[PDB]
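I have placed the structure first, in the form of structure tokens, so that the comments after it can refer back to it.
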Amino acid sequence: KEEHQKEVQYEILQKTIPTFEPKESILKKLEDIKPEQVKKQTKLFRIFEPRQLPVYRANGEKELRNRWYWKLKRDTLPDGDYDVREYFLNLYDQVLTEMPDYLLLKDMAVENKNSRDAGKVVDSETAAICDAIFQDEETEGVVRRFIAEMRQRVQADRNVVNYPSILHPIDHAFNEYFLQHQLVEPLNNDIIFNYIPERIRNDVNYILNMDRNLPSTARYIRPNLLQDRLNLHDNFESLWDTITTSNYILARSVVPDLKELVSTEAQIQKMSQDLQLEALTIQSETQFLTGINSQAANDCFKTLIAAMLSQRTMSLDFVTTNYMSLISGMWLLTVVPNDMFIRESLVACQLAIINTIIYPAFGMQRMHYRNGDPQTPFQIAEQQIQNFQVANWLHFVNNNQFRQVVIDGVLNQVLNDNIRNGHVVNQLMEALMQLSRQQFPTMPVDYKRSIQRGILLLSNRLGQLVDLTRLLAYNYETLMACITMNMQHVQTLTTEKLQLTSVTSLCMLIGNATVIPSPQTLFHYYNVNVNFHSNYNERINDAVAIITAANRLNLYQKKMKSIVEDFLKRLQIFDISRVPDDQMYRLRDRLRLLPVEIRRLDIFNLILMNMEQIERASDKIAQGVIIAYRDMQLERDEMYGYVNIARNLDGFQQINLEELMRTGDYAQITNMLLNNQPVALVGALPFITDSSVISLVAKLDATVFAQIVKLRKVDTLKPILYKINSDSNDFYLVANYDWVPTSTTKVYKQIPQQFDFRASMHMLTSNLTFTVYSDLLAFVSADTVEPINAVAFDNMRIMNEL
Amino acid sequence: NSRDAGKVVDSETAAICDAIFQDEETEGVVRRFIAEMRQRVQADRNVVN
Amino acid sequence: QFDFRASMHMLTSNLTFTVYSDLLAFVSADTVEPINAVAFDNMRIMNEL
Amino acid sequence: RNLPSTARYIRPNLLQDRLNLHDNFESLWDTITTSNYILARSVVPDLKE
């Protein structure tokens with residue numbers, strides 16, 4: 001039982017490859033990779049909102065009025081600086097999530113309820129402000145008259161609308177960004193004409209016509225067909241194998257099936273009676289003419305084209321007692337490049353041909369081949385063979401490789417132009433006629449004859465094989481035109497099988513019925529690749545942006561592969577529990593060394609220049625506490641009355657807490673709380689607003705630090721913020737007793753931001769009700785000639801042996 | 001107890017570390033040490049420390 | 001006396017190799033057709049009647 | 001199959017007989033010899049026509 005032993009190790013190696021189980025499933029997935037849908041917002045971006053809060057003059061008496069202050073929507077900031085920076089990262093990624101591609105301001109405008117000239121404004125949450133500002137008896141007259149007298153500027157002959165708005169400068173930054181950085185481009189017929197690949201519209205077999213007008217208000221989005229800048233083709237063997245397999249399975253589904261084949265039985269009778277095996281005394285009697293049927297020939301036809309289009313390396317499994325398989329394999333080596341095959345199978349095929357056809361015909365000793373020879377067997381034969389008709393063919397084969405060319409911005413693995421036109425096969429059949437005409441000096445005759453006649457079979461299929469080669473090449477290049485990513489050559493780990501019975505079927509069952517892709521299949525095969533390439537680039541951009549933001553926000557508890565796995569999960573072709581780890585880390589490394597997409601960086605920069613300003617709103621945290629063992633006088637504010645508040649954090653030893661918890665090293669702080677040294681403990685932490693003079697006299701503020709020396713963990717540090725004023729229930733102790741309100745332990749926190757109409761009234765411009773077309777090859781009516789009269793590159797028709 | 005939430009080699013190593021971190025008599029320097037000990041990868045060489 | 005910093009080490013290891021026991025599974029072999037099978041002298045065996 | 005650079009194998013110790021059981025251990029050598037004989041019988045081909 002040494003056959004399952006294979007399966008064990010092939011499974012070992014397949015547990016390393018992120019290729020799903022049954023291959024066909026992959027096709028369902030790449031089609032599901034749709035274009036990037038286009039987004040829009042019907043509501044402005046708003047982190048702040050006004051709030052009409054109380055005030056307190058000095059002596060803590062509440063004035064008879066309120067005042068308008070900016071305050072955050074949804075105060076949710078946590079404790080700890082690390083967690084706050086995580087909050088801002090979770091803000092950044094969800095802004096990128098709702099990052100609109102185009103805006104339109106009439107889709108959200110509303111009427112000003114207080115205007116003489118039918119004034120509108122842009123959003124409900126600015127009219128809700130304007131009407132409040134319009135009836136507040138503390139507001140100044142010109143603001144009222146201006147609100148009454150604002151007037152939008154709609155203008156359709158230019159397609160622009162200006163609308164007023166009221167919002168915080170931060171929100172204005174985000175919204176003027178979204179307005180001024182719209183990634184929708186004007187559309188028209190010529191962009192659709194050039195979106196088509198060039199060598200499909202310079203072609204004549206595919207006629208193309210525009211039959212749909214597009215207005216000026218049509219838009220599209222230039223996708224990101226930016227080539228592979230991770231370079232998964234060097235030292236990413238498994239991922240590249242999976243990519244190549246996916247492209248193979250995609251390419252199989254667009255190759256044209258082929259038709260009007262020869263009667264299989266008519267070739268089977270003929271081959272049987274020409275080879276005459278029953279006359280012989282060998283043990284391959286039924287096994288020669290296996291796989292000769294149809295459903296093998298079309299398989300090979302698809303497999304060759306798909307494997308060249310994917311650079312999926314494929315092998316050569318065959319029986320060596322079946323010289324017909326070899327006589328077809330020489331055709332294969334002739335037309336198909338050598339570098340497409342894994343080396344060992346290539347050598348095996350050539351060596352079988354040599355030791356079974358060529359040398360015993362010319363009358364040479366067989367060989368003694370060394371496995372690690374640089375010099376391929378046909379290369380030795382090219383020098384040992386003294387004949388032109390066969391050695392020139394060998395010269396062709398030994399130097400039949402792909403040729404690299406950058407066409408239309410994409411790399412391309414193109415052929416020789418003595419193959420695209422089928423002319424080299426004439427040389428092949430010259431060699432084969434020679435091998436027919438020879439004496440096989442040492443050989444028996446019943447076997448010699450069968451070999452010669454099996455050769456004559458393909459020597460009679462000359463024109464049909466010219467036709468085959470030309471058709472194969474044509475379909476290959478037409479499908480090559482519909483590719484967006486560079487198509488590069490690497491020896492893949494796992495390898496598609498190819499049965500030379502199938503090549504025999506193809507070479508012996510075909511004639512005079514031309515098949516070429518429909519334009520719909522071509523458009524499909526182009527859209528799919530475009531969508532996959534676009535998704536690839538967009539996911540790389542997102543990944544790098546998040547990595548860079550985590551590293552600039554100093555997020556270090558994080559592990560980065562959780563991003564990388566998502567980068568592989570969104571690309572719908574990889575199984576992540578299956579890839580190695582070293583590749584994941586090389587991918588991390590190559591991601592870090594890439595620039596950032598400009599929008600994803602501009603948003604981040606907007607957040608960094610303001611995240612200090614958001615964190616200082618949000619009355620649930622404080623930006624530090626002070627300890628100063630000296631009876632300091634409470635200072636007076638307008639929002640509060642008397643407060644133990646600080647706004648400089650100067651003249652003290654700043655101890656940071658996110659380090660003091662991650663280094664458990666409390667000697668420096670225990671040697672300062674025990675000895676009562678003034679300090680400043682900085683870091684986002686809670687507080688509470690005590691509102692009794694008793695708890696000030698009773699000195700509650702200083703009793704909130706023993707839990708540190710007891711419980712080293714600094715998380716439940718919850719200072720005091722004495723707001724004591726006219727409505728604190730023990731305020732008589734102030735205005736009747738002639739004493740300064742004092743305490744130590746000030747808290748580092750910043751006053752809210754007062755509202756100002758002029759630094760918030762803005763005029764936002766946008767367009768009018770344009771459209772955004774996503775699928776745009778639908779604006780192209782394509783057609784193709786009768787394939788009986790269709791032409792290759794050479795201006796001749798194709799399959800001309802009618 | 002690691003600053004970078006990194007890894008160590010074996011369950012008993014981490015057991016020792018977590019026993020010694022949580023104690024009272026241990027210095028702050030051993031706690032700093034435990035915080036500042038993590039793995040290193042280098043996939044160019046496929047090597048990990 | 002137990003010394004934490006002194007007793008600490010950094011251990012190297014390769015990252016994610018794979019191991020195989022059978023080795024000729026990957027090889028698929030076959031014979032020439034035995035009528036034209038040849039010995040060490042490049043001269044056919046069983047070439048009589 | 002094109003095996004990667006991320007693969008390993010164990011090399012057997014095919015070192016010769018240190019003990020020289022063909023020298024004054026005739027019974028053990030007869031048993032070894034018999035085992036190899038009956039093994040080699042199984043793998044000789046059967047004669048064709």
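Please note that chains go A, B, ... in the order of the structure tokens, that every chain numbers its residues from 1, and that ligands are numbered from 1 in the order shown.
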Worksheet item: What's the 10 Å shell around residue C:8, counting only C-alpha atoms, without same-chain residues fewer than 2 positions away, as JSON, numbers by chain?
Response: {"B": [13, 33, 37], "C": [3, 4, 5, 6, 10, 11]}
Include C-alpha atoms and write out the residues we just selected as a tab-separated table (two decimals), in the first residue's frame.
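Dumped to out-v4.tsv:
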chain	number	residue	atom	x	y	z
B	13	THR	CA	7.74	30.38	31.74
B	33	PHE	CA	11.93	43.33	32.64
B	37	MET	CA	10.45	40.91	27.05
C	3	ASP	CA	17.84	35.35	39.67
C	4	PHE	CA	15.22	36.31	37.12
C	5	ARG	CA	17.28	38.43	34.72
C	6	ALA	CA	20.19	35.99	34.73
C	10	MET	CA	16.38	34.14	24.01
C	11	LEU	CA	15.93	30.97	22.00
Practice prompt. Could you list, as a PyMOL selection string, the residues of chain C having an atom within 8 Å of chain A when counting only C-alpha atoms?
Written response: chain C and resi 15-16+20+22+25-26+30-33+36+42
Selection file, N, CA, C and O atoms, as a compact mmCIF listing (two decimals), in the first residue's frame:
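Written file, selection-v4.txt:
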# COMPACT_ATOMS: atom_id res chain seq x y z
N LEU C 15 11.21 29.35 11.37
CA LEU C 15 9.79 29.66 11.35
C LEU C 15 9.15 28.91 10.20
O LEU C 15 9.39 29.21 9.03
N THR C 16 8.33 27.92 10.55
CA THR C 16 7.43 27.27 9.61
C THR C 16 8.19 26.60 8.47
O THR C 16 8.10 27.03 7.32
N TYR C 20 8.94 15.80 5.57
CA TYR C 20 8.47 14.70 4.76
C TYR C 20 9.24 13.45 5.13
O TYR C 20 10.45 13.51 5.39
N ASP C 22 8.41 9.83 3.52
CA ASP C 22 8.61 9.25 2.20
C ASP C 22 9.12 10.33 1.25
O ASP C 22 8.82 11.51 1.41
N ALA C 25 7.69 9.24 -3.22
CA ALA C 25 6.29 9.41 -3.60
C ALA C 25 6.16 10.43 -4.71
O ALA C 25 5.33 10.28 -5.61
N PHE C 26 6.98 11.47 -4.66
CA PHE C 26 6.95 12.53 -5.65
C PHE C 26 7.44 12.08 -7.01
O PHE C 26 7.26 12.81 -7.98
N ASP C 30 8.42 4.92 -15.08
CA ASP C 30 7.86 3.98 -16.04
C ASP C 30 8.99 3.43 -16.90
O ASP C 30 10.07 4.01 -16.98
N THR C 31 8.72 2.28 -17.51
CA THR C 31 9.70 1.58 -18.33
C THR C 31 9.45 1.83 -19.80
O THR C 31 8.32 2.06 -20.23
N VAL C 32 10.52 1.74 -20.58
CA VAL C 32 10.41 1.67 -22.03
C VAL C 32 9.70 0.38 -22.37
O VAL C 32 9.55 -0.51 -21.53
N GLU C 33 9.28 0.26 -23.61
CA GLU C 33 8.59 -0.94 -24.03
C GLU C 33 9.59 -2.08 -24.08
O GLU C 33 10.59 -1.98 -24.80
N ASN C 36 12.22 -3.37 -26.93
CA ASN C 36 13.39 -2.54 -27.19
C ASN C 36 14.02 -2.08 -25.90
O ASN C 36 14.30 -0.89 -25.70
N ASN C 42 24.47 -0.95 -24.75
CA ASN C 42 23.65 -0.29 -25.76
C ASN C 42 23.36 -1.24 -26.92
O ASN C 42 23.39 -0.86 -28.10
How close does stretch 8-32 of chain C get to stretch 7-31 of chain D? List, as a tab-separated table, each residue of stretch 8-32 of chain C within 6 Å, its nearest atom pair and the distance in Å to one decimal, counting only C-alpha atoms.
residue	atom	partner	partner_atom	distance
C:17	CA	D:7	CA	5.3
C:18	CA	D:7	CA	4.8
C:19	CA	D:8	CA	4.8
C:20	CA	D:9	CA	5.4
Export N, CA, C and O atoms of the chosen residues as a tab-separated table (two decimals), in the first residue's frame?
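Written out: part_22.tsv:
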chain	number	residue	atom	x	y	z
C	17	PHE	N	8.95	25.57	8.80
C	17	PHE	CA	9.30	24.59	7.78
C	17	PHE	C	8.25	23.48	7.78
C	17	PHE	O	7.26	23.51	8.51
C	18	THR	N	8.48	22.48	6.93
C	18	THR	CA	7.65	21.30	6.83
C	18	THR	C	8.55	20.11	6.62
C	18	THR	O	9.69	20.25	6.16
C	19	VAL	N	8.04	18.93	6.94
C	19	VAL	CA	8.85	17.73	7.02
C	19	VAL	C	8.15	16.61	6.27
C	19	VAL	O	6.92	16.47	6.34
C	20	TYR	N	8.94	15.80	5.57
C	20	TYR	CA	8.47	14.70	4.76
C	20	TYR	C	9.24	13.45	5.13
C	20	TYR	O	10.45	13.51	5.39
Discussion item. Using only C-alpha atoms and a distance of at most 8 Å, pull out the residues of chain B that contact chain C, as a PyMOL selection string.
Written reply: chain B and resi 30+33+43+45-49
Please report, as a tab-separated table, each residue of chain D lying at most 7 Å from chain A, together with the nearest pair of atoms and the separation in Å rounded to one decimal; use only C-alpha atoms, and order rows by chain and ascending residue number.
residue	atom	partner	partner_atom	distance
D:1	CA	A:494	CA	5.3
D:2	CA	A:493	CA	4.5
D:3	CA	A:493	CA	5.9
D:4	CA	A:493	CA	6.9
What does the file look like for those residues with N, CA and C atoms, as a compact mmCIF listing (two decimals), in the first residue's frame?
# COMPACT_ATOMS: atom_id res chain seq x y z
N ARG D 1 5.73 18.37 -9.09
CA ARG D 1 5.77 19.26 -7.94
C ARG D 1 7.11 19.96 -7.85
N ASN D 2 7.06 21.26 -7.59
CA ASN D 2 8.23 22.10 -7.35
C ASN D 2 8.25 22.42 -5.86
N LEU D 3 8.98 21.64 -5.09
CA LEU D 3 8.96 21.82 -3.66
C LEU D 3 9.63 23.14 -3.29
N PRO D 4 9.16 23.82 -2.25
CA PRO D 4 9.69 25.14 -1.91
C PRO D 4 11.06 25.04 -1.26
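Picture a line from atom CA of residue A:147 to atom CA of residue A:43; it runs 21.3 Å.
Compared by their closest atoms to residue A:600, and using only C-alpha atoms, the residues A:97, A:630, A:708, A:460 rank with A:97 nearest.
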Shell around residue B:20 at 12 Å using only C-alpha atoms, local window under 4 positions removed, as a PDB file with C-alpha atoms, in the first residue's frame:
ATOM      1  CA  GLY A 664       5.087  48.039  37.466  1.00  0.00           C
TER       2      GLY A 664
ATOM      3  CA  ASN B   1       2.061  41.579  31.498  1.00  0.00           C
ATOM      4  CA  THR B  13       7.738  30.381  31.742  1.00  0.00           C
ATOM      5  CA  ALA B  14       4.622  32.536  31.642  1.00  0.00           C
ATOM      6  CA  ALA B  15       3.467  30.950  34.896  1.00  0.00           C
ATOM      7  CA  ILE B  16       6.718  31.961  36.589  1.00  0.00           C
ATOM      8  CA  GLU B  24       4.522  42.302  46.641  1.00  0.00           C
ATOM      9  CA  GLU B  25       8.184  41.822  47.523  1.00  0.00           C
ATOM     10  CA  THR B  26       9.477  41.845  43.952  1.00  0.00           C
ATOM     11  CA  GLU B  27      11.337  44.916  42.793  1.00  0.00           C
ATOM     12  CA  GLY B  28      10.101  47.191  40.056  1.00  0.00           C
ATOM     13  CA  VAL B  29      13.023  46.279  37.818  1.00  0.00           C
ATOM     14  CA  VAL B  30      11.915  42.668  37.412  1.00  0.00           C
ATOM     15  CA  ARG B  31       8.461  43.982  36.524  1.00  0.00           C
ATOM     16  CA  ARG B  32       9.984  46.330  33.934  1.00  0.00           C
ATOM     17  CA  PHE B  33      11.927  43.332  32.641  1.00  0.00           C
ATOM     18  CA  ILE B  34       8.783  41.211  32.355  1.00  0.00           C
ATOM     19  CA  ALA B  35       7.068  44.078  30.566  1.00  0.00           C
TER      20      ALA B  35
ATOM     21  CA  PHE C   2      16.831  32.535  42.022  1.00  0.00           C
ATOM     22  CA  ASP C   3      17.843  35.345  39.668  1.00  0.00           C
ATOM     23  CA  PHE C   4      15.225  36.314  37.120  1.00  0.00           C
TER      24      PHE C   4
END
Fill in: strand (DSSP E or B) per DSSP on the backbone: members of stretch 16-119 of chain A, as a ChimeraX atom specification
/A:48-53,56,62,67-72,110-111
Output N, CA, C and O atoms for every residue in the selection just made, as an mmCIF file, in the first residue's frame.
data_model
loop_
_atom_site.group_PDB
_atom_site.id
_atom_site.type_symbol
_atom_site.label_atom_id
_atom_site.label_comp_id
_atom_site.auth_asym_id
_atom_site.auth_seq_id
_atom_site.Cartn_x
_atom_site.Cartn_y
_atom_site.Cartn_z
ATOM 1 N N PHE A 48 -19.824 67.845 16.657
ATOM 2 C CA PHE A 48 -20.231 68.806 17.660
ATOM 3 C C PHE A 48 -21.676 69.215 17.448
ATOM 4 O O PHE A 48 -22.288 68.952 16.412
ATOM 5 N N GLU A 49 -22.206 69.881 18.464
ATOM 6 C CA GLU A 49 -23.487 70.552 18.383
ATOM 7 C C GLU A 49 -23.488 71.631 19.449
ATOM 8 O O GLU A 49 -22.831 71.464 20.481
ATOM 9 N N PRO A 50 -24.186 72.740 19.242
ATOM 10 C CA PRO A 50 -24.293 73.731 20.307
ATOM 11 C C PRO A 50 -25.078 73.183 21.482
ATOM 12 O O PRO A 50 -25.739 72.149 21.416
ATOM 13 N N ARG A 51 -24.989 73.915 22.579
ATOM 14 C CA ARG A 51 -25.688 73.544 23.792
ATOM 15 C C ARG A 51 -25.801 74.801 24.632
ATOM 16 O O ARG A 51 -24.827 75.543 24.772
ATOM 17 N N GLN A 52 -26.993 75.053 25.147
ATOM 18 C CA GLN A 52 -27.302 76.303 25.827
ATOM 19 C C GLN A 52 -27.193 76.041 27.324
ATOM 20 O O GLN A 52 -28.149 75.632 27.977
ATOM 21 N N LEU A 53 -26.018 76.298 27.857
ATOM 22 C CA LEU A 53 -25.601 75.904 29.185
ATOM 23 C C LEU A 53 -25.704 77.064 30.164
ATOM 24 O O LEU A 53 -25.741 78.230 29.760
ATOM 25 N N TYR A 56 -22.236 81.332 35.654
ATOM 26 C CA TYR A 56 -22.134 81.701 37.059
ATOM 27 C C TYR A 56 -21.143 82.845 37.160
ATOM 28 O O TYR A 56 -19.954 82.655 36.894
ATOM 29 N N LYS A 62 -25.810 82.221 39.921
ATOM 30 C CA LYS A 62 -26.256 81.902 38.577
ATOM 31 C C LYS A 62 -26.899 83.125 37.943
ATOM 32 O O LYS A 62 -27.876 83.668 38.468
ATOM 33 N N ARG A 67 -25.807 80.517 27.945
ATOM 34 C CA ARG A 67 -24.890 80.870 26.877
ATOM 35 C C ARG A 67 -24.611 79.631 26.046
ATOM 36 O O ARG A 67 -24.718 78.505 26.530
ATOM 37 N N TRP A 68 -24.244 79.858 24.792
ATOM 38 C CA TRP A 68 -24.160 78.815 23.786
ATOM 39 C C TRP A 68 -22.721 78.344 23.660
ATOM 40 O O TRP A 68 -21.828 79.135 23.341
ATOM 41 N N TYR A 69 -22.511 77.058 23.905
ATOM 42 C CA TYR A 69 -21.198 76.439 23.911
ATOM 43 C C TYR A 69 -21.224 75.188 23.055
ATOM 44 O O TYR A 69 -22.217 74.464 23.038
ATOM 45 N N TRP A 70 -20.131 74.933 22.351
ATOM 46 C CA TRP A 70 -20.019 73.707 21.581
ATOM 47 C C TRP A 70 -19.825 72.523 22.508
ATOM 48 O O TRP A 70 -19.069 72.593 23.477
ATOM 49 N N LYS A 71 -20.495 71.420 22.196
ATOM 50 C CA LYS A 71 -20.326 70.194 22.945
ATOM 51 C C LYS A 71 -20.481 69.017 22.007
ATOM 52 O O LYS A 71 -21.258 69.058 21.053
ATOM 53 N N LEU A 72 -19.738 67.965 22.299
ATOM 54 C CA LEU A 72 -19.687 66.813 21.425
ATOM 55 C C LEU A 72 -21.011 66.074 21.416
ATOM 56 O O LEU A 72 -21.695 65.968 22.435
ATOM 57 N N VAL A 110 -33.103 72.496 3.207
ATOM 58 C CA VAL A 110 -34.370 72.770 3.870
ATOM 59 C C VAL A 110 -34.610 74.269 3.805
ATOM 60 O O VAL A 110 -33.733 75.041 3.420
ATOM 61 N N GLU A 111 -35.807 74.681 4.195
ATOM 62 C CA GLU A 111 -36.194 76.077 4.139
ATOM 63 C C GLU A 111 -35.919 76.745 5.475
ATOM 64 O O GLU A 111 -36.193 76.182 6.539
#
Discussion item. Counting only C-alpha atoms, a student should be able to say which residues of chain A come within 6 Å of chain B; what is the right answer, written as a ChimeraX atom specification?
Written reply: /A:556-557,582,586,662-665
Item to complete: Compile the contact shell of stretch 740-744 of chain A as a ChimeraX atom specification: residues with an atom at most 10 Å away, counting only C-alpha atoms, same-chain residues fewer than 3 positions apart removed.
Response: /A:626-635,642-644,693,696-697,699-702,722,724,733-734,737,747
Would you export the selected residues with C-alpha atoms as a short mmCIF file (atom, residue, chain, number, x, y, z; two decimals), in the first residue's frame, please?
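File produced: selection_34.cif:
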data_model
loop_
_atom_site.label_atom_id
_atom_site.label_comp_id
_atom_site.auth_asym_id
_atom_site.auth_seq_id
_atom_site.Cartn_x
_atom_site.Cartn_y
_atom_site.Cartn_z
CA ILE A 626 -2.14 67.81 40.19
CA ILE A 627 -1.03 67.25 43.76
CA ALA A 628 0.38 70.30 45.52
CA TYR A 629 0.51 70.06 49.29
CA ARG A 630 -0.22 73.75 49.81
CA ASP A 631 -3.55 75.44 50.42
CA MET A 632 -4.19 76.90 46.97
CA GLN A 633 -7.07 79.25 46.26
CA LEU A 634 -9.90 78.05 44.06
CA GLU A 635 -10.11 80.04 40.86
CA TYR A 642 -15.32 78.12 42.14
CA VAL A 643 -13.18 75.24 40.88
CA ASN A 644 -9.96 73.41 41.64
CA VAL A 693 -18.47 73.03 50.70
CA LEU A 696 -14.00 70.90 50.53
CA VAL A 697 -13.46 71.68 54.20
CA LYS A 699 -10.53 67.61 52.35
CA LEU A 700 -11.88 64.80 50.22
CA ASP A 701 -9.72 65.63 47.19
CA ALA A 702 -6.50 64.39 48.79
CA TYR A 722 -15.37 71.03 43.34
CA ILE A 724 -19.58 74.99 44.45
CA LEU A 733 -20.84 79.01 54.39
CA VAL A 734 -19.17 81.18 51.71
CA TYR A 737 -17.98 83.93 56.80
CA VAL A 747 -7.55 69.14 38.09
#
Item to complete: Show which residues sit within 9 Å of residue A:798, as a ChimeraX atom specification. Count only C-alpha atoms, and ignore same-chain residues fewer than 5 positions away.
Response: /A:467,470-471,514,787-792
Item to complete: Mind the document's chain letters and residue numbers, and return as a list in words the residues of chain D that DSSP labels helix (DSSP H, G or I).
Response: residues 26, 27, 28, 29, 30, 31, 32, 33, 34, 35, 36, 37, 38, 39, 40, 41, 42 and 43 of chain D
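Taking only C-alpha atoms into account, residue A:396 lies nearest to A:331 out of the set A:236, A:362, A:331, A:474.
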